[PDB]
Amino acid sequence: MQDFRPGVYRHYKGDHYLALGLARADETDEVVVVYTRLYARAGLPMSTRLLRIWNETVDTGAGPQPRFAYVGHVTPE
């Protein structure tokens, strides 16, 4: 909770997202991350996700990687 840093993150699949901050999910009283996608696709641009899941390390074909990696306040080209 306390050490979470809102800002731009790169999901392990390659796309960038802007984490606006943490929030309390009313139905379960759990801490979620509120974020918007920084790429074009169809559907709702904003999403939420449990902080504990967002912070997980995930196994991939490219080896262990953070599910979402913090990269600052700007995104690359």
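In case it trips you up, residue 1 is the first one in the sequence shown, and so on.
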Revision key, fill the gap. Stretch with higher mean Cα temperature factor, 16 to 24 vs 55 to 63, is 55 to 63
Review point. What's the residue among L50, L38, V34, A42 with the greatest CA temperature factor in the PDB record?
Key: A42
Revision key, fill the gap. Tertile call for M1 (CA temperature factor, within chain, third-based) is the highest
Practice item. Sorting the chain's modelled residues by C-alpha B-factor, tell me whether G7 ends up in the lowest, middle or highest third. Key: lowest
